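One chain comes next, on its own, written as C-alpha cells: the form deposited in one PDB entry.
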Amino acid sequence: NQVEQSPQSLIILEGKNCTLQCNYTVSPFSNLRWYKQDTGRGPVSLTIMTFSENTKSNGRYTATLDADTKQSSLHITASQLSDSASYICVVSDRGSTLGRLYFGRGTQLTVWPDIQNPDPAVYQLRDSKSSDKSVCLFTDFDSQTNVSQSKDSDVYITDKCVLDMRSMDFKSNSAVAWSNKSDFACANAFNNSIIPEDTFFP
C-alpha cells in the first residue's frame, strides 16, 4: 500500500482539536486529497492539494502537505459530534487522464460528548401492551461506561448511543434492553455490564 494513515482510530471530546496523519510512497506525485465518510454514506472530498500548495482549508478542516517528506496532515478545529466519521487520505500520481487514485485505509474518529453531570439510571418504559415486549433503558452514564451484550439470546441489548438535546444544550448516553419473556426485569437487564455503583434503580 502506497498510502498509509495514522492513527487507526481515536476518541476525542467535543471542543478539542485533533490532527490526522497521512504518509505516502506514491511516485510520481501530482496531488493529495482528504475525504470524510459518514457511516452508510459515500465519501465527501474535503480539501485537494497539489505540491504547489502547502495548505488548504475547508471551514474547520485545514490540510497541510509537505511533498518533500511525502506527508500530509488534516487538522480539525473545535471538534463536534458530527465530526465522528472515517477520514480518508487519497493520492493521485498524475494530473492527466491516465493518472490513478491511491486510497488510504482511513482513520476512524469518534467524538464523545462532554458529560459534566452523569446521573446513571435504569428505567422501565411502560409496557406498550400493544406490543408483547418489555423495554429497559440505561441512560445518563459517562462515556467511560461500556454496555455489554446479554447472556441470553432472547434478550436484546443495543450499544450506547449519544443523543443531543440541542436546546437544553444537553447530551446523554443511553442503551436499550428488551425481551418478551416473563423472566425479564430491568433490575437484571444490564447485569452483564459493569455499571457505575451509583446507578439509580427506581
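Note that the rigid core is defined as the largest set of C-alphas that superpose within 1.5 Å between two forms. All residue numbers refer to positions in the sequence shown, first residue = 1.
Keep in mind the form deposited in another entry is missing from the figure; the text below concerns it.
- Looking at 47, 31, 139, 150 after a core superposition between this form and the one not shown, you find that only 150 has a C-alpha shift of 2 Å or more.
- Once both forms are fitted on their core, a CA shift of 2 Å or more is seen for residue 180 between this form and the one not shown.
- Remark: with the core as the superposition reference, the CA shift of residue 100 between this form and the one not shown stays below 2 Å.
- Once you line up the core between this form and the one not shown, the Cα of residue 130 ends up 2 Å or more from where it was.
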